[PDB]
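Q: Just the first chains of my complex for now:
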Amino acid sequence: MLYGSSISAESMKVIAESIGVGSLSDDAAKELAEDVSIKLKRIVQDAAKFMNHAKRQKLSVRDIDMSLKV
């Protein structure tokens, strides 16, 4: 499915407990871990586009905020 790195399905379980929604089925946690990883790559990619559009080479929190808006 996904190339590169991705958040573990185990991390989804920890988050679920921290908010009190109970247990997650393994397929549900895997789907979410995959989905959030896809979202993370999109956010970083768009942020890097903003950074470059501004002729910078170091990603800033401002680039991430702009990306989260889009």
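A: Yes, it's here. Numbers count the residues shown, from 1 in each chain, chains lettered A, B, ... in the order given.

Q: what's near enough to touch the nearest residue in space to residue A:48 that is not next to it in sequence?
A: Distance criterion CB to CB, 6 or more residues apart in numbering; nearest residue to residue A:48, sequence neighbours excluded, is residue A:59 at 6.1 Å. Where C-beta positions appear, they are placed from N, C-alpha and C, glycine not excepted. By CB atoms under 8 Å, 6 or more residues apart in numbering, the contact set of residue A:59 is A:44, A:47-48, A:51.

Q: Tell me who's in contact with residue A:47.
A: The neighbours of residue A:47, taking CB under 8 Å, 6+ apart as the test, are A:59, A:63-64, A:66-67.

Q: put chain B on too:
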Amino acid sequence: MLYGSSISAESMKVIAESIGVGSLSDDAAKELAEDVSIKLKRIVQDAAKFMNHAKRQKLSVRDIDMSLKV
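A: Take a look at chain B, now in place beside the chains above:
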């Protein structure tokens, strides 16, 4: 249920057709008409509170925008 005026269940049907979601059951349209009417009264009430807080007596589109934000 509601005192005062309220949007008709019939109006919900027209809106449904305009967006292509198909037909609504009568109970679904009635619920929505009631719910939106409750929302309208809340928006107007908060807007009038903003208006008064500003010592004005005529409700403005600006008061409505502020209310929609809350």
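
Q: again for the contacts of residue A:59, since chain B is there now?
A: For residue A:59, the contacting residues are A:44, A:47-48, A:51, by CB atoms under 8 Å, 6 or more residues apart in numbering or on different chains.

Q: From these, list just the buried residues.
A: A:47-48, A:51 (16 or more other CB atoms under 10 Å in any protein chain shown).

Q: would you turn those into CSV with secondary structure and distance to residue A:32?
A: Shown next, in CSV, are the buried ones among the contacts of residue A:59 (DSSP: H, G, I helix; E, B strand; the rest coil; distance: CB to CB, whole Å):
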residue, secondary structure, distance to residue A:32
A:47, helix, 22
A:48, helix, 24
A:51, helix, 28
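
Q: closest to residue B:13 among the residues you listed?
A: Closest approach between the buried ones among the contacts of residue A:59 and residue B:13, by CB to CB: residue A:47, at 44.8 Å.

Q: could you also fit chain C onto it:
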Amino acid sequence: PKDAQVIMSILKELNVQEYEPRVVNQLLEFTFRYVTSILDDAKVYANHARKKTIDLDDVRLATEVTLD
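A: Below is chain C, added to the chains above:
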């Protein structure tokens, strides 16, 4: 026109004796936006239930999930 009248009646009932005319327009737009938003989600629920007509339960869930 029918809905505009309801909105004008709500304004009067809530003791808003004077208002800019466009407030009614704004409120009609809100009405449309709110109803379409709820119906748009309700349609998905109806779809997943394999139904052709949106029902009360669909509207209730859409409303509940998009706050309350």
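
Q: what do you get for the contacts of residue A:59 once chain C is counted?
A: With contact set as CB under 8 Å, 6+ apart, residue A:59 has these partners: A:44, A:47-48, A:51.

Q: Give me the neighbour count for the closest residue to residue C:22 other than its chain neighbours.
A: The spatial neighbour of residue C:22 that comes closest, neighbours along the chain excluded (CB to CB, 6 or more residues apart in numbering or on different chains), is residue B:61 at 5.2 Å. Residues near residue B:61, counting by other CB atoms under 10 Å in any protein chain shown, number 15.

Q: and if you look at residue A:3?
A: By other CB under 10 Å, 6 other residues sit near residue A:3.

Q: cool, the one 10 residues further on as well?
A: The local packing of residue A:13 (other CB under 10 Å) involves 17 other residues.

Q: Thanks a lot, see you next time.
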